[PDB]
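Trainee: Below is the structure I would like to discuss, written out as structure tokens.
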Ligand SMILES: *[C@@H]1O[C@H](CO)[C@@H](O)[C@H](O)[C@H]1NC(C)=O
Ligand SMILES: *[C@@H]1O[C@H](CO)[C@@H](O)[C@H](O)[C@H]1NC(C)=O
Ligand SMILES: *[C@@H]1O[C@H](CO)[C@@H](O)[C@H](O)[C@H]1NC(C)=O
Ligand SMILES: *[C@@H]1O[C@H](CO)[C@@H](O)[C@H](O)[C@H]1NC(C)=O
Ligand SMILES: *[C@@H]1O[C@H](CO)[C@@H](O)[C@H](O)[C@H]1NC(C)=O
Ligand SMILES: *[C@H]1O[C@H](CO)[C@@H](O)[C@H](O)[C@H]1NC(C)=O
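Numbering (PDB author numbering), first residue to last: 8 to 165, 167 to 443.
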């Protein structure tokens, strides 16, 4: 179901509609020109920003799901139609960690990165950081395994030293971490994302609730419970087999149209929680944006948001000339970073009452942007066509045309023009509003 090149391709009428719980699926050529290296161009730098792989529910969500399944089994006097499996379903999902399928997604991502950037990767040991979450570190380790596997199979590789994770950045309300939000006090108190999500859930869940209760006489559900049952479709799928090759029985409880609504609920939560829908959402991505500027320009970091001055000032923890960089992070920070970079500046604020497709949203959705195992590549290339280095952004293989600069038909801008266009991040944006 899942391959190095194309990601997850089984049951796409369901599995591509789980938002940030969808396994990565390649968006090569989807509302986009090819991501192939253009003729007479050579990559000179690449930054990768990768999410962790498919995981179990968080400890708190796992407790909530198990509670619900138990109550359904305690209360139902019959389990009708496609709900029949719920009589004997045994809840055994873990918590927080990667699933085996999620580990393999990250091995695959490391193979794909090597293959795509083979010309550089043959001689380069990437500089790697990970946010301090066990699933994120484990994802970095699995990516490195895949990178090394591919490099070992290439008789043209000259430097095969294994890359280490050189920096693990703590996750704390008081540690400035560009790969995980947490220090912006006002933002952390925001309820906007949850409120938008709750409002949209109240629109679509009642009809599903009524149908589920009809097939489970004796059971009383809430709107929240409907969402839990829908969450279980993704979590059970990515856990129950090593290769996620069998759709969970939870999945067919809901129709394709209902999956489109769930997919949009996820997009809304991310847009209003972490993206431009939140007044301090894109501010969470300023620190990484300034780190990326420093790497692209081979210059010291200029930032007073969520960079750590000690870490960015030491070449051991922040080299300015490493040619390949790979950072491991989470969905929410990645959303903020993509918005801070201006990559979704063609997306209109999402309707809170109506489902809008990724097409109508200029390529934005949670499943297109931050699926499990999501990756972004930020390239600098030197092309015969142009004296100045050109920048290109690929999000899950889709070319995402740059905003703020004189962009070409291939989605690229000249390096200096691109950096000039990031004036908002370069100034620190509205970070002061945090406090
Ligand atoms: C910055 O990093 C240093 C070195 O790891 C750490 O001791 C310090 O607590 C960090 N400060 C903040 C605010 O992140
Ligand atoms: C949720 O719906 C209520 C009542 O319809 C509305 O007044 C409120 O502003 C909505 N909240 C958000 C965050 O959209
Ligand atoms: C099961 O029954 C108990 C006792 O009446 C009730 O409080 C609970 O809400 C029910 N749960 C479900 C999911 O039906
Ligand atoms: C962490 O960032 C805050 C501002 O967001 C700043 O007060 C602090 O000095 C920074 N600390 C370090 C070590 O970068
Ligand atoms: C993206 O749009 C926001 C809101 O208009 C603006 O503040 C920001 O400067 C834009 N970014 C780029 C890179 O053009
Ligand atoms: C490039 O120079 C940096 C300082 O910016 C230093 O850490 C190192 O010598 C080089 N980076 C490597 C080896 O990746």
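All C-beta atoms in this analysis are idealised placements derived from N, C-alpha and C, irrespective of residue type, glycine included.
Using the three-state DSSP reduction, which class does residue 335 fall into: helix, strand or coil?
Mentor: Of the three classes helix, strand and coil, the one that applies to residue 335 here is strand, per DSSP.
Trainee: Going by DSSP in three states, residue 434 sits in which element: helix, strand or coil?
Mentor: It is helical.
Trainee: For residue 20 and residue 332, which I take to be in contact (beta-carbon distance under 8 Å), what is that distance rounded to the nearest angstrom?
Mentor: Not quite, the Cβ-Cβ distance comes to about 37 Å (not below 8 Å), so this is no contact.
Trainee: Whole angstroms is fine: what's the gap from residue 278's alpha carbon to residue 399's?
Mentor: Cα to Cα, the separation comes out at about 26 Å.
Trainee: Would you tell me roughly how many angstroms separate the C-alpha atoms of residue 350 and residue 249, rounded to the nearest one?
Mentor: Between residue 350 and residue 249, the C-alpha separation is close to 38 Å.
Trainee: According to the Cβ coordinates, are residue 445 and residue 274 closer than 7 Å?
Mentor: Examination of residue 445 is not possible in this model, given that the chain is present from 8 through 443 alone.
Trainee: Return yes when the Cβ of residue 320 is within less than 7 Å of the Cβ of residue 334, no when it is not.
Mentor: Not in contact: residue 334 and residue 320 (Cβ atoms no closer than 7 Å).
Trainee: Which residue from 8, 46, 18 and 29 puts its Cα closest to that of residue 392?
Mentor: Of 8, 46, 18 and 29, the residue nearest in Cα terms is 46.
Trainee: Out of 10, 304 and 65, point me to the one whose CA is closest to residue 30's CA.
Mentor: The option with the nearest alpha carbon to residue 30 is 10.
Trainee: According to DSSP, what are the bridge partners of residue 388?
Mentor: 52 and 399, per the DSSP bridge assignment.
Trainee: Between the region 145-156 and the region 100-114, do three or more beta carbon pairs fall short of 8 Å?
Mentor: Touching, yes.
Trainee: For residue 421, write down the residues that DSSP places opposite it in a beta bridge.
Mentor: 399.
Trainee: Can you list the residues near ligand 1, meaning Cβ strictly closer than 5 Å to any non-hydrogen atom, in the order they appear in the chain?
Mentor: Result: 183, 184, 316 and 318.
Trainee: When we look at the beta-carbon of residue 338 and count the other beta-carbons within 10 Å, is it buried (16 or more) or exposed?
Mentor: Residue 338 should be labelled buried.
Trainee: How big is the Cα-Cα spacing for residue 440 and residue 315?
Mentor: C-alpha separation (whole angstroms): 15 Å.
Trainee: Go to residue 138, then tell me how far its alpha helix (DSSP H) extends in each direction, as first and last residue.
Mentor: Element bounds for residue 138: not the alpha helix (DSSP H) but the beta strand (DSSP E), 134-138.
Trainee: Which runs of the alpha helix (DSSP H) fall wholly inside the region 318-380 and span at least 4 residues, in chain order?
Mentor: The region 318-380 contains these whole alpha helix (DSSP H) runs: 339-348 and 374-377.
Trainee: Taking the runs of the alpha helix (DSSP H) that are 4 residues or longer, which of them lie wholly in the region 14-62?
Mentor: If we require 4 residues or more, the alpha helix (DSSP H) runs fully inside the region 14-62 come out as 19-22.
Trainee: Looking only at its chain, what residues have a beta carbon closer than 6 Å to the beta carbon of residue 260, apart from the 5 residues adjacent to it on each side?
Mentor: Hits under 6 Å: 89.
Trainee: At a threshold of 6 Å, does residue 204 count as lining ligand 8 (C-beta to nearest heavy atom)?
Mentor: With respect to ligand 8, the structure shown offers nothing to examine, as its ligands consist of ligand 1, ligand 2, ligand 3, ligand 4, ligand 5 and ligand 6.
Trainee: Is it right to say residue 264 is buried, meaning 16 or more other beta carbons lie within 10 angstroms of its own, or is it exposed?
Mentor: Exposed is the call here.
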